[PDB]
Amino acid sequence: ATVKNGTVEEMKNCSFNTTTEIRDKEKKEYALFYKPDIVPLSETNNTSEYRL
Amino acid sequence: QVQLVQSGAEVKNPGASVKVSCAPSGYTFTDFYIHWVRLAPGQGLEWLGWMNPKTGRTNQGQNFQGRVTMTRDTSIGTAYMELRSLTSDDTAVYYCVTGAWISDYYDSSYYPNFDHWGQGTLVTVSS
Amino acid sequence: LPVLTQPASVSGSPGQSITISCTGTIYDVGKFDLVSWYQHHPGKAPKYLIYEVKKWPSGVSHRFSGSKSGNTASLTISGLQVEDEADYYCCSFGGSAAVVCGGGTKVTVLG
Amino acid sequence: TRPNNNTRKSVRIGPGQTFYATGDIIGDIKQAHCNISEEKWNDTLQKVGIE
Ligand SMILES: *[C@@H]1O[C@H](CO)[C@@H](O[C@@H]2O[C@H](CO)[C@@H](O[C@@H]3O[C@H](CO[C@H]4O[C@H](CO[C@H]5O[C@H](CO)[C@@H](O)[C@H](O)[C@@H]5O[C@H]5O[C@H](CO)[C@@H](O)[C@H](O)[C@@H]5O)[C@@H](O)[C@H](O[C@H]5O[C@H](CO)[C@@H](O)[C@H](O)[C@@H]5O[C@H]5O[C@H](CO)[C@@H](O)[C@H](O)[C@@H]5O)[C@@H]4O)[C@@H](O)[C@H](O[C@H]4O[C@H](CO)[C@@H](O)[C@H](O)[C@@H]4O[C@H]4O[C@H](CO)[C@@H](O)[C@H](O)[C@@H]4O[C@H]4O[C@H](CO)[C@@H](O)[C@H](O)[C@@H]4O)[C@@H]3O)[C@H](O)[C@H]2NC(C)=O)[C@H](O)[C@H]1NC(C)=O
Ligand SMILES: *[C@@H]1O[C@H](CO)[C@@H](O[C@@H]2O[C@H](CO)[C@@H](O[C@@H]3O[C@H](CO[C@H]4O[C@H](CO)[C@@H](O)[C@H](O)[C@@H]4O)[C@@H](O)[C@H](O[C@H]4O[C@H](CO)[C@@H](O)[C@H](O)[C@@H]4O[C@H]4O[C@H](CO)[C@@H](O)[C@H](O)[C@@H]4O)[C@@H]3O)[C@H](O)[C@H]2NC(C)=O)[C@H](O)[C@H]1NC(C)=O
Ligand SMILES: *[C@@H]1O[C@H](CO)[C@@H](O[C@@H]2O[C@H](CO)[C@@H](O[C@@H]3O[C@H](CO)[C@@H](O)[C@H](O)[C@@H]3O)[C@H](O)[C@H]2NC(C)=O)[C@H](O)[C@H]1NC(C)=O
């Protein structure tokens with residue numbers, strides 16, 4: 001969702017698989033995250049994969 | 001003073017789609033917001049959405065989510081819009097119009113100030 | 001959409017007056033001092049004649065006095081003539097992230 | 001000031017406890033910042049230099 005050349009330091013949209021209140025009914029969810037806070041999972045071409 | 005132009009009339013069946021185009025002059029294209037409005041035969045005008053020449057971020061009225069669509073380009077300096085699922089009601093004329101000044105450090109998109117207006121776009125639909 | 005109230009066609013002879021009220025809800029109209037009117041003159045596209053609730057855009061006599069009344073935007077008109085015949089809309093900020101307007105008041109000036 | 005109008009997006013995560021996160025951001029994106037008076041900060045520099 002990235003203004004490709006913006007003079008801006010926007011926060012990122014990603015998702016994740018959430019363990020609901022019952023421990024064996026997993027379900028996905030999403031929420032935004034300020035851009036410094038997340039580290040890419042890998043220094044490779046894993047441009048999708050991200051972690052806190 | 002600003003020179004503003006719209007595309008001409010258009011003909012479809014009801015429930016079809018329409019496209020509207022707009023391009024200003026007299027100011028550099030990247031400094032002002034762009035809006036659209038529908039002018040009925042006397043019923044209250046419908047404001048549809050606002051457009052940013054810089055970014056792909058736009059919002060639309062509570063009637064029009066999922067129905068309207070919009071794109072723009074910078075090098076040629078043109079604003080585009082597309083509505084789907086027309087009605088017999090929206091034979092009403094559509095007007096391109098210039099919005100408020102753009103600021104990075106405070107928000108001004110929702111300011112309801114229109115200083116320059118077009119000459120109307122009349123889409124036609126009938127049984 | 002929540003179209004605002006507007007007296008549809010009240011009018012008088014030259015030198016007479018009308019009153020206007022643009023009522024929405026408690027959430028939209030009076031949140032910011034950002035109200036605009038647009039005059040759909042017959043035979044030509046609308047025209048800009050109210051700004052910032054209490055200011056006129058260009059050089060024009062401030063006859064159509066502006067006033068803030070919270071949930072509804074109220075404005076008083078006086079000193080009209082027969083050539084003032086036109087349809088006047090009122091528009092206001094309407095929350096996340098849009099604007100709403102009224103049904104339009106026409107000055108059906110008589111005589 | 002932060003001109004973005006952030007909103008909360010609440011999820012229930014784990015038994016009997018709730019996570020909060022920034023929701024769908026309303027309005028056009030703008031950049032956060034601070035503001036300082038150029039005349040007075042320069043004068044204050046002028047007054048500090050003598051010390
Ligand atoms: C933190 O910090 C930060 C900093 O960093 C910050 O920020 C900031 O803030 C502030 C406050 O808010 C802000 O301010 C704003 O501003 C705006 C704008 O700005 C500027 O600019 C401009 C420019 O111009 C442009 O446009 C035009 C149109 O408009 C055109 O024409 C031109 O041309 C331009 O364009 C483009 O192009 C070009 C080409 O060449 C280029 O070059 C350029 O560049 C561009 O791009 C200017 O002009 C302005 O000025 C003016 O105005 C003012 C006000 O009004 C005044 O005062 C001045 O003086 C001027 O004036 C003029 O006119 C007159 C007449 O008579 C004369 O006389 C003179 O000479 C001149 O000519 C500026 O400066 C603005 O806009 C705003 O204001 C507005 O609003 C208010 C309320 O709020 C009101 O009161 C006012 O009145 C206004 O309104 C108006 O205007 C608008 C637009 O502008 C419109 O819409 C409306 O309607 C009205 O209208 C009127 O007028 C017109 C004309 O103009 C006419 O036509 C009509 O009819 C009517 O009359 C404000 O001021 C700023 O901006 C910021 N910055 C940044 C960077 O962002 C912050 O804030 C802090 N924080 C916080 C929290 O806040
Ligand atoms: C910054 O971001 C925040 C969000 O974090 C945003 O705040 C939200 O703004 C929206 C407006 O865009 C607010 O939406 C309103 O929600 C109320 C909720 O109604 C319920 O709760 C009330 C009070 O508890 C009950 O009385 C009510 O019965 C409900 O249970 C809605 O009522 C509103 O809808 C009415 O008004 C709209 C116009 O404002 C109409 O479009 C809509 O159809 C409704 O009108 C109908 O009902 C009226 C009576 O209510 C009636 O008089 C009319 O004739 C018509 O029939 C509205 O959707 C939302 O609540 C805000 N959320 C919070 C947490 O504050 C900011 O706006 C945003 N700011 C900026 C500058 O971007
Ligand atoms: C952040 O990204 C996620 C996806 O990675 C976004 O959620 C997904 O958004 C899409 C597009 O709006 C949703 O698809 C739409 O669904 C409606 C259903 O009514 C359909 O009619 C549309 O044609 C479209 O397919 C999708 O459902 C949604 N995901 C979930 C699980 O609901 C999210 O919106 C992004 N957030 C921001 C702020 O951009």
# chains A, B, ... in the order shown; residues from 1 in each chain; ligands from 1
>>> interface_residues(of="chain B", to="chain C", cutoff="8 Å", atoms="only C-alpha atoms", output="list in words")
residues 42, 43, 44, 45, 46, 47, 49, 59, 60, 61, 62, 63, 110, 111, 112, 113, 114, 115, 117, 118, 119 and 120 of chain B
>>> residues_around(residues="residue 9 in chain D", least_positions_apart="3", cutoff="9 Å", atoms="only C-alpha atoms", output="list in words")
residues 31 of chain A; 19, 20, 21, 22, 23 and 24 of chain D
>>> write_last_selection(atoms="N, CA and C atoms", output="PDB file, in the first residue's frame")
ATOM      1  N   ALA A  31      -3.247  -6.420  11.141  1.00  0.00           N
ATOM      2  CA  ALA A  31      -3.174  -5.120  11.797  1.00  0.00           C
ATOM      3  C   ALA A  31      -1.901  -4.402  11.352  1.00  0.00           C
TER       4      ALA A  31
ATOM      5  N   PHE D  19      -5.573  -8.038  22.664  1.00  0.00           N
ATOM      6  CA  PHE D  19      -4.559  -7.274  21.961  1.00  0.00           C
ATOM      7  C   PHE D  19      -5.199  -6.092  21.232  1.00  0.00           C
ATOM      8  N   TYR D  20      -4.496  -4.949  21.238  1.00  0.00           N
ATOM      9  CA  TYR D  20      -4.917  -3.752  20.515  1.00  0.00           C
ATOM     10  C   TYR D  20      -3.918  -3.425  19.421  1.00  0.00           C
ATOM     11  N   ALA D  21      -4.417  -2.820  18.346  1.00  0.00           N
ATOM     12  CA  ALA D  21      -3.560  -2.464  17.225  1.00  0.00           C
ATOM     13  C   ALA D  21      -4.190  -1.316  16.452  1.00  0.00           C
ATOM     14  N   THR D  22      -3.340  -0.613  15.707  1.00  0.00           N
ATOM     15  CA  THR D  22      -3.787   0.459  14.828  1.00  0.00           C
ATOM     16  C   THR D  22      -4.712  -0.121  13.769  1.00  0.00           C
ATOM     17  N   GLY D  23      -5.888   0.462  13.612  1.00  0.00           N
ATOM     18  CA  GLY D  23      -6.867  -0.052  12.675  1.00  0.00           C
ATOM     19  C   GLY D  23      -6.700   0.519  11.285  1.00  0.00           C
ATOM     20  N   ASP D  24      -7.730   0.328  10.461  1.00  0.00           N
ATOM     21  CA  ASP D  24      -7.781   0.938   9.137  1.00  0.00           C
ATOM     22  C   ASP D  24      -7.720   2.454   9.271  1.00  0.00           C
TER      23      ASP D  24
END
>>> residues_near_ligand(ligand="ligand 1", cutoff="10 Å", atoms="only C-alpha atoms and all ligand atoms", output="mmCIF file with C-alpha atoms, in the first residue's frame")
data_model
loop_
_atom_site.group_PDB
_atom_site.id
_atom_site.type_symbol
_atom_site.label_atom_id
_atom_site.label_comp_id
_atom_site.auth_asym_id
_atom_site.auth_seq_id
_atom_site.Cartn_x
_atom_site.Cartn_y
_atom_site.Cartn_z
ATOM 1 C CA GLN B 1 -7.823 32.207 -13.874
ATOM 2 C CA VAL B 2 -8.055 28.398 -13.881
ATOM 3 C CA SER B 25 -4.701 24.454 -16.070
ATOM 4 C CA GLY B 26 -3.531 27.672 -14.447
ATOM 5 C CA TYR B 27 -1.879 25.839 -11.544
ATOM 6 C CA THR B 28 0.629 22.997 -11.398
ATOM 7 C CA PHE B 29 -1.329 19.747 -11.295
ATOM 8 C CA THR B 30 0.307 18.394 -8.121
ATOM 9 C CA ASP B 31 -0.902 21.154 -5.678
ATOM 10 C CA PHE B 32 -4.700 20.746 -5.356
ATOM 11 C CA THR B 98 -11.105 21.679 -7.926
ATOM 12 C CA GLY B 99 -10.570 21.181 -4.194
ATOM 13 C CA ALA B 100 -8.498 22.773 -1.465
ATOM 14 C CA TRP B 101 -4.730 23.134 -1.235
ATOM 15 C CA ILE B 102 -2.617 20.074 -0.405
ATOM 16 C CA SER B 103 -0.493 19.973 2.748
ATOM 17 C CA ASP B 104 1.859 17.291 4.047
ATOM 18 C CA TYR B 105 2.032 18.411 7.663
ATOM 19 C CA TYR B 106 -1.707 18.937 8.282
ATOM 20 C CA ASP B 107 -4.749 17.335 6.659
ATOM 21 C CA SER B 108 -6.971 19.355 4.303
ATOM 22 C CA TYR B 111 -12.339 20.770 3.467
ATOM 23 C CA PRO B 112 -15.615 21.415 1.538
ATOM 24 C CA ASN B 113 -14.220 24.354 -0.469
ATOM 25 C CA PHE B 114 -14.691 24.463 -4.263
ATOM 26 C CA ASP B 115 -13.241 27.481 -6.096
ATOM 27 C CA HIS B 116 -13.134 26.284 -9.743
ATOM 28 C CA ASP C 33 -16.202 25.797 11.108
ATOM 29 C CA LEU C 34 -16.142 24.591 7.484
ATOM 30 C CA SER C 36 -19.889 26.154 1.965
ATOM 31 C CA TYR C 48 -19.238 29.717 -5.033
ATOM 32 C CA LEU C 49 -20.508 32.253 -2.466
ATOM 33 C CA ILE C 50 -20.000 31.017 1.148
ATOM 34 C CA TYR C 51 -16.687 30.068 2.740
ATOM 35 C CA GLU C 52 -15.496 29.366 6.286
ATOM 36 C CA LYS C 55 -16.708 34.603 4.809
ATOM 37 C CA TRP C 56 -17.432 35.170 1.111
ATOM 38 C CA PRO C 57 -14.914 33.790 -1.473
ATOM 39 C CA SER C 58 -14.687 36.752 -3.871
ATOM 40 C CA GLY C 59 -15.712 40.396 -3.681
ATOM 41 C CA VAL C 60 -19.457 40.291 -3.005
ATOM 42 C CA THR D 1 1.052 16.656 16.389
ATOM 43 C CA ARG D 2 0.148 13.468 14.508
ATOM 44 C CA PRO D 3 -2.368 14.473 11.801
ATOM 45 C CA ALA D 32 3.862 13.482 11.913
ATOM 46 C CA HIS D 33 6.133 16.222 13.231
ATOM 47 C CA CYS D 34 6.904 19.031 15.710
ATOM 48 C CA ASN D 35 6.821 22.845 15.433
ATOM 49 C CA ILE D 36 9.163 25.502 16.907
ATOM 50 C CA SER D 37 9.361 29.289 16.579
#
>>> residues_around(residues="residue 15 in chain D", least_positions_apart="6", cutoff="8 Å", atoms="only C-alpha atoms", output="short mmCIF file (atom, residue, chain, number, x, y, z; two decimals) with N, CA and C atoms, in the first residue's frame")
data_model
loop_
_atom_site.label_atom_id
_atom_site.label_comp_id
_atom_site.auth_asym_id
_atom_site.auth_seq_id
_atom_site.Cartn_x
_atom_site.Cartn_y
_atom_site.Cartn_z
N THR A 20 -6.96 -18.39 18.15
CA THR A 20 -8.08 -17.79 18.86
C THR A 20 -8.07 -18.27 20.31
N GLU A 21 -9.01 -17.75 21.10
CA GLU A 21 -9.10 -18.06 22.53
C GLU A 21 -9.08 -19.55 22.83
N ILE A 22 -9.65 -20.37 21.96
CA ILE A 22 -9.54 -21.82 22.04
C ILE A 22 -8.29 -22.20 21.25
#
>>> residues_near_ligand(ligand="ligand 3", cutoff="10 Å", atoms="only C-alpha atoms and all ligand atoms", output="PyMOL selection string")
(chain A and resi 1+12-16+27-32) or (chain B and resi 57+66) or (chain D and resi 22-26)
>>> closest_residue(among="D:51, D:5, D:12, D:43", to="chain A", atoms="only C-alpha atoms")
D:12
>>> atom_distance(atom1="atom 49 (C, counted along the ligand's line) of ligand 2", atom2="CA of residue 54 in chain C")
27.2 Å
>>> residues_around(residues="range 9-17 of chain B", least_positions_apart="2", cutoff="6 Å", atoms="only C-alpha atoms", output="PDB file with N, CA and C atoms, in the first residue's frame")
ATOM      1  N   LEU B  83     -17.867   5.022 -12.303  1.00  0.00           N
ATOM      2  CA  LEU B  83     -18.962   4.529 -11.479  1.00  0.00           C
ATOM      3  C   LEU B  83     -19.622   3.359 -12.195  1.00  0.00           C
ATOM      4  N   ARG B  84     -20.024   2.355 -11.420  1.00  0.00           N
ATOM      5  CA  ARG B  84     -20.709   1.174 -11.924  1.00  0.00           C
ATOM      6  C   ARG B  84     -22.116   1.117 -11.349  1.00  0.00           C
ATOM      7  N   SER B  85     -22.973   0.331 -12.002  1.00  0.00           N
ATOM      8  CA  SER B  85     -24.367   0.179 -11.596  1.00  0.00           C
ATOM      9  C   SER B  85     -25.096   1.518 -11.614  1.00  0.00           C
ATOM     10  N   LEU B  86     -25.195   2.139 -12.790  1.00  0.00           N
ATOM     11  CA  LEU B  86     -25.921   3.395 -12.924  1.00  0.00           C
ATOM     12  C   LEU B  86     -27.410   3.175 -12.684  1.00  0.00           C
ATOM     13  N   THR B  87     -28.173   4.266 -12.631  1.00  0.00           N
ATOM     14  CA  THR B  87     -29.609   4.212 -12.401  1.00  0.00           C
ATOM     15  C   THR B  87     -30.281   5.226 -13.313  1.00  0.00           C
ATOM     16  N   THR B 121     -20.866  17.053 -17.074  1.00  0.00           N
ATOM     17  CA  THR B 121     -20.848  15.828 -17.866  1.00  0.00           C
ATOM     18  C   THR B 121     -22.199  15.141 -17.706  1.00  0.00           C
ATOM     19  N   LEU B 122     -22.899  14.936 -18.821  1.00  0.00           N
ATOM     20  CA  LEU B 122     -24.280  14.454 -18.826  1.00  0.00           C
ATOM     21  C   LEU B 122     -24.305  13.027 -19.371  1.00  0.00           C
ATOM     22  N   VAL B 123     -24.333  12.056 -18.454  1.00  0.00           N
ATOM     23  CA  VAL B 123     -24.540  10.665 -18.838  1.00  0.00           C
ATOM     24  C   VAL B 123     -26.030  10.417 -19.030  1.00  0.00           C
ATOM     25  N   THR B 124     -26.370   9.633 -20.051  1.00  0.00           N
ATOM     26  CA  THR B 124     -27.752   9.371 -20.438  1.00  0.00           C
ATOM     27  C   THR B 124     -28.034   7.880 -20.307  1.00  0.00           C
ATOM     28  N   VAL B 125     -29.134   7.545 -19.634  1.00  0.00           N
ATOM     29  CA  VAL B 125     -29.606   6.171 -19.509  1.00  0.00           C
ATOM     30  C   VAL B 125     -31.126   6.197 -19.445  1.00  0.00           C
TER      31      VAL B 125
END
>>> select_by_dssp(residues="range 69-104 of chain B", states="strand (DSSP E or B)", output="NGL selection string")
:B and (69-73 or 78-83 or 93-101)
>>> write_last_selection(atoms="N, CA, C and O atoms", output="PDB file, in the first residue's frame")
ATOM      1  N   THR B  69     -14.951   4.037  -8.802  1.00  0.00           N
ATOM      2  CA  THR B  69     -13.563   3.677  -9.049  1.00  0.00           C
ATOM      3  C   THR B  69     -12.868   4.900  -9.628  1.00  0.00           C
ATOM      4  O   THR B  69     -13.492   5.703 -10.326  1.00  0.00           O
ATOM      5  N   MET B  70     -11.579   5.044  -9.329  1.00  0.00           N
ATOM      6  CA  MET B  70     -10.857   6.256  -9.697  1.00  0.00           C
ATOM      7  C   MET B  70      -9.382   5.945  -9.894  1.00  0.00           C
ATOM      8  O   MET B  70      -8.793   5.123  -9.185  1.00  0.00           O
ATOM      9  N   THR B  71      -8.798   6.620 -10.881  1.00  0.00           N
ATOM     10  CA  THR B  71      -7.374   6.529 -11.184  1.00  0.00           C
ATOM     11  C   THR B  71      -6.917   7.894 -11.681  1.00  0.00           C
ATOM     12  O   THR B  71      -7.728   8.737 -12.074  1.00  0.00           O
ATOM     13  N   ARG B  72      -5.601   8.106 -11.656  1.00  0.00           N
ATOM     14  CA  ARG B  72      -5.028   9.363 -12.114  1.00  0.00           C
ATOM     15  C   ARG B  72      -3.603   9.122 -12.592  1.00  0.00           C
ATOM     16  O   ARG B  72      -2.977   8.111 -12.263  1.00  0.00           O
ATOM     17  N   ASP B  73      -3.101  10.073 -13.377  1.00  0.00           N
ATOM     18  CA  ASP B  73      -1.734  10.071 -13.872  1.00  0.00           C
ATOM     19  C   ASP B  73      -1.120  11.455 -13.694  1.00  0.00           C
ATOM     20  O   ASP B  73      -1.830  12.467 -13.674  1.00  0.00           O
ATOM     21  N   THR B  78      -3.975  14.252 -15.692  1.00  0.00           N
ATOM     22  CA  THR B  78      -5.387  13.965 -15.900  1.00  0.00           C
ATOM     23  C   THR B  78      -5.937  13.223 -14.693  1.00  0.00           C
ATOM     24  O   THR B  78      -5.227  12.432 -14.062  1.00  0.00           O
ATOM     25  N   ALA B  79      -7.202  13.489 -14.380  1.00  0.00           N
ATOM     26  CA  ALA B  79      -7.941  12.782 -13.344  1.00  0.00           C
ATOM     27  C   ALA B  79      -9.059  11.978 -13.989  1.00  0.00           C
ATOM     28  O   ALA B  79      -9.732  12.458 -14.907  1.00  0.00           O
ATOM     29  N   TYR B  80      -9.255  10.751 -13.501  1.00  0.00           N
ATOM     30  CA  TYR B  80     -10.242   9.828 -14.039  1.00  0.00           C
ATOM     31  C   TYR B  80     -11.135   9.341 -12.908  1.00  0.00           C
ATOM     32  O   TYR B  80     -10.736   9.363 -11.738  1.00  0.00           O
ATOM     33  N   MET B  81     -12.344   8.913 -13.265  1.00  0.00           N
ATOM     34  CA  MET B  81     -13.282   8.302 -12.335  1.00  0.00           C
ATOM     35  C   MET B  81     -14.196   7.368 -13.115  1.00  0.00           C
ATOM     36  O   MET B  81     -14.471   7.592 -14.296  1.00  0.00           O
ATOM     37  N   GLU B  82     -14.676   6.325 -12.437  1.00  0.00           N
ATOM     38  CA  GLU B  82     -15.585   5.352 -13.024  1.00  0.00           C
ATOM     39  C   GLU B  82     -16.583   4.902 -11.970  1.00  0.00           C
ATOM     40  O   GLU B  82     -16.197   4.460 -10.884  1.00  0.00           O
ATOM     41  N   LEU B  83     -17.867   5.022 -12.303  1.00  0.00           N
ATOM     42  CA  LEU B  83     -18.962   4.529 -11.479  1.00  0.00           C
ATOM     43  C   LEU B  83     -19.622   3.359 -12.195  1.00  0.00           C
ATOM     44  O   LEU B  83     -19.751   3.366 -13.422  1.00  0.00           O
ATOM     45  N   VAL B  93     -26.389  15.485 -14.002  1.00  0.00           N
ATOM     46  CA  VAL B  93     -25.102  15.841 -14.585  1.00  0.00           C
ATOM     47  C   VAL B  93     -24.013  15.740 -13.524  1.00  0.00           C
ATOM     48  O   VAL B  93     -24.205  16.120 -12.362  1.00  0.00           O
ATOM     49  N   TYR B  94     -22.858  15.217 -13.931  1.00  0.00           N
ATOM     50  CA  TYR B  94     -21.672  15.129 -13.087  1.00  0.00           C
ATOM     51  C   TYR B  94     -20.761  16.313 -13.382  1.00  0.00           C
ATOM     52  O   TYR B  94     -20.592  16.696 -14.544  1.00  0.00           O
ATOM     53  N   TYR B  95     -20.180  16.887 -12.328  1.00  0.00           N
ATOM     54  CA  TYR B  95     -19.311  18.052 -12.428  1.00  0.00           C
ATOM     55  C   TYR B  95     -17.949  17.745 -11.819  1.00  0.00           C
ATOM     56  O   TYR B  95     -17.858  17.380 -10.642  1.00  0.00           O
ATOM     57  N   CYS B  96     -16.897  17.891 -12.621  1.00  0.00           N
ATOM     58  CA  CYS B  96     -15.545  17.971 -12.087  1.00  0.00           C
ATOM     59  C   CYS B  96     -15.370  19.311 -11.390  1.00  0.00           C
ATOM     60  O   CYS B  96     -15.998  20.306 -11.763  1.00  0.00           O
ATOM     61  N   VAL B  97     -14.512  19.337 -10.374  1.00  0.00           N
ATOM     62  CA  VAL B  97     -14.351  20.527  -9.552  1.00  0.00           C
ATOM     63  C   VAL B  97     -13.032  20.431  -8.795  1.00  0.00           C
ATOM     64  O   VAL B  97     -12.578  19.341  -8.439  1.00  0.00           O
ATOM     65  N   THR B  98     -12.421  21.588  -8.550  1.00  0.00           N
ATOM     66  CA  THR B  98     -11.105  21.679  -7.926  1.00  0.00           C
ATOM     67  C   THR B  98     -11.271  21.883  -6.424  1.00  0.00           C
ATOM     68  O   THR B  98     -12.109  22.681  -5.990  1.00  0.00           O
ATOM     69  N   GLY B  99     -10.471  21.165  -5.640  1.00  0.00           N
ATOM     70  CA  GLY B  99     -10.570  21.181  -4.194  1.00  0.00           C
ATOM     71  C   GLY B  99      -9.619  22.158  -3.537  1.00  0.00           C
ATOM     72  O   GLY B  99      -9.145  23.121  -4.145  1.00  0.00           O
ATOM     73  N   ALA B 100      -9.339  21.896  -2.261  1.00  0.00           N
ATOM     74  CA  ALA B 100      -8.498  22.773  -1.465  1.00  0.00           C
ATOM     75  C   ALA B 100      -7.020  22.457  -1.691  1.00  0.00           C
ATOM     76  O   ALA B 100      -6.651  21.498  -2.374  1.00  0.00           O
ATOM     77  N   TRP B 101      -6.168  23.289  -1.098  1.00  0.00           N
ATOM     78  CA  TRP B 101      -4.730  23.134  -1.235  1.00  0.00           C
ATOM     79  C   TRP B 101      -4.241  21.918  -0.450  1.00  0.00           C
ATOM     80  O   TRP B 101      -4.796  21.545   0.587  1.00  0.00           O
TER      81      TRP B 101
END
>>> closest_residue(among="B:7, B:91, B:55, B:109", to="ligand 2", atoms="only C-alpha atoms and all ligand atoms")
B:109
>>> interface_residues(of="chain A", to="chain B", cutoff="9 Å", atoms="only C-alpha atoms", output="PyMOL selection string")
chain A and resi 1-3+6-8
>>> atom_distance(atom1="CA of residue 88 in chain C", atom2="CA of residue 64 in chain C")
11.1 Å
>>> select_by_dssp(residues="chain B", states="helix (DSSP H, G or I)", output="PyMOL selection string")
chain B and resi 29-31+89-91
>>> write_last_selection(atoms="N, CA and C atoms", output="compact mmCIF listing (two decimals), in the first residue's frame")
# COMPACT_ATOMS: atom_id res chain seq x y z
N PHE B 29 -0.32 20.77 -11.57
CA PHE B 29 -1.33 19.75 -11.30
C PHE B 29 -1.18 19.11 -9.92
N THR B 30 0.02 19.14 -9.35
CA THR B 30 0.31 18.39 -8.12
C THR B 30 -0.05 19.16 -6.83
N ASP B 31 -0.75 20.30 -6.85
CA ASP B 31 -0.90 21.15 -5.68
C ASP B 31 -2.32 21.24 -5.14
N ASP B 89 -31.88 7.53 -12.03
CA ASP B 89 -31.73 8.76 -11.26
C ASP B 89 -30.49 9.54 -11.69
N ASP B 90 -29.39 8.84 -12.00
CA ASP B 90 -28.12 9.53 -12.22
C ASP B 90 -27.94 9.95 -13.68
N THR B 91 -29.05 10.17 -14.39
CA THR B 91 -29.02 11.04 -15.56
C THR B 91 -28.65 12.47 -15.18
>>> residues_around(residues="range 34-46 of chain A", least_positions_apart="2", cutoff="7 Å", atoms="only C-alpha atoms", output="list in words")
residues 10, 11, 12, 32, 48, 49, 50, 51 and 52 of chain A
>>> write_last_selection(atoms="N, CA, C and O atoms", output="PDB file, in the first residue's frame")
ATOM      1  N   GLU A  10       5.498   6.055   6.210  1.00  0.00           N
ATOM      2  CA  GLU A  10       4.266   5.335   6.527  1.00  0.00           C
ATOM      3  C   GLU A  10       4.485   3.962   7.178  1.00  0.00           C
ATOM      4  O   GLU A  10       5.567   3.372   7.113  1.00  0.00           O
ATOM      5  N   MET A  11       3.404   3.444   7.775  1.00  0.00           N
ATOM      6  CA  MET A  11       3.432   2.172   8.488  1.00  0.00           C
ATOM      7  C   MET A  11       2.855   1.078   7.601  1.00  0.00           C
ATOM      8  O   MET A  11       2.051   1.356   6.709  1.00  0.00           O
ATOM      9  N   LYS A  12       3.239  -0.167   7.863  1.00  0.00           N
ATOM     10  CA  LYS A  12       2.993  -1.256   6.926  1.00  0.00           C
ATOM     11  C   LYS A  12       1.802  -2.106   7.341  1.00  0.00           C
ATOM     12  O   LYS A  12       1.498  -2.252   8.525  1.00  0.00           O
ATOM     13  N   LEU A  32      -1.980  -3.072  11.278  1.00  0.00           N
ATOM     14  CA  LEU A  32      -0.853  -2.267  10.822  1.00  0.00           C
ATOM     15  C   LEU A  32       0.267  -2.238  11.862  1.00  0.00           C
ATOM     16  O   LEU A  32       0.082  -2.577  13.033  1.00  0.00           O
ATOM     17  N   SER A  48       8.293 -11.059   1.175  1.00  0.00           N
ATOM     18  CA  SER A  48       7.001 -11.245   1.814  1.00  0.00           C
ATOM     19  C   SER A  48       7.102 -11.429   3.312  1.00  0.00           C
ATOM     20  O   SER A  48       6.274 -10.878   4.039  1.00  0.00           O
ATOM     21  N   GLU A  49       8.131 -12.123   3.788  1.00  0.00           N
ATOM     22  CA  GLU A  49       8.146 -12.697   5.127  1.00  0.00           C
ATOM     23  C   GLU A  49       8.749 -11.707   6.120  1.00  0.00           C
ATOM     24  O   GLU A  49       9.865 -11.212   5.910  1.00  0.00           O
ATOM     25  N   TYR A  50       8.010 -11.445   7.209  1.00  0.00           N
ATOM     26  CA  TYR A  50       8.338 -10.380   8.149  1.00  0.00           C
ATOM     27  C   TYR A  50       7.984 -10.800   9.580  1.00  0.00           C
ATOM     28  O   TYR A  50       7.071 -11.598   9.808  1.00  0.00           O
ATOM     29  N   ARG A  51       8.708 -10.234  10.551  1.00  0.00           N
ATOM     30  CA  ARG A  51       8.625 -10.625  11.963  1.00  0.00           C
ATOM     31  C   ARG A  51       8.887  -9.398  12.834  1.00  0.00           C
ATOM     32  O   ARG A  51       9.542  -8.444  12.406  1.00  0.00           O
ATOM     33  N   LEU A  52       8.364  -9.417  14.065  1.00  0.00           N
ATOM     34  CA  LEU A  52       8.656  -8.351  15.023  1.00  0.00           C
ATOM     35  C   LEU A  52      10.108  -8.415  15.503  1.00  0.00           C
ATOM     36  O   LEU A  52      10.715  -9.486  15.595  1.00  0.00           O
TER      37      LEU A  52
END
>>> atom_distance(atom1="atom 62 (N, counted along the ligand's line) of ligand 2", atom2="CA of residue 28 in chain C")
11.3 Å
